[PDB]
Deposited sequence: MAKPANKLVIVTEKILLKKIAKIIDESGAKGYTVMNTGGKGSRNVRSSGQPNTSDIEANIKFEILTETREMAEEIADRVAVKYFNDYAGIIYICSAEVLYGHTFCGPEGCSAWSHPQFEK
């Protein structure tokens, strides 16, 4: 298993492409996105959630910091991080797989 940080961004749908570009520019290998609903701060609003598995904590925080500094003054959103282990993932773990041995 390969340790990963799972970065989660829940935010407004209109930032989809801008956030995807930031994800791509961080070096992350991919991302999953979904339509969600939410309340913050009749009442529910449509929003999107991104999930980005990253090899390092620093890549996850780069994406988070770049998103927040650029957009979170003006747009609703939260960003949080969970620990995960990747078991299978051609691009994430490379050709040796997620449980290569030395």
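Deposited-sequence segments unaccounted for in the coordinates
Coordinates drop out over 1, 43 to 53, 115 to 120.
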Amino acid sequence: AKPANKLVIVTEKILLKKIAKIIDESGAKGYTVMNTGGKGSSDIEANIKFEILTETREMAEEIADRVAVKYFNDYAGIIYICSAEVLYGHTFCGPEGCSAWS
From here on, numbers count along this sequence of modelled residues.
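We call the rigid core whatever largest set of C-alpha positions still superposes within 1.5 Å between the two forms.
Between 79 to 87 and 18 to 26, where do the CA atoms move more in 4 other deposited structures of this protein, taking the root mean square over the structures and residues after a core fit?
Once the cores are fitted, 79 to 87 deviates more in 4 other deposited structures of this protein.
Looking at the other compared entries that model both neighbours, is residue 43 missing coordinates in at least a third of them?
Missing in at least a third of the others, so yes.
Regarding 17 to 25 and 88 to 96, which shows the higher C-alpha temperature factor on average in the entry?
So the stretch with the higher mean C-alpha B-factor is 88 to 96.
Candidate set 45, 58, 51, 65 [ranked by C-alpha B-factor, highest]
Top of the list by C-alpha B-factor: 58.
Check where residue 36 lands among this chain's C-alpha B-factors and tell me if it's the lowest, middle or highest third.
It falls in the bottom third of the chain.
Comparing against every modelled residue in the chain, figure out the third that the C-alpha B-factor of residue 4 lands in (lowest, middle or highest).
Middle third by C-alpha B-factor.
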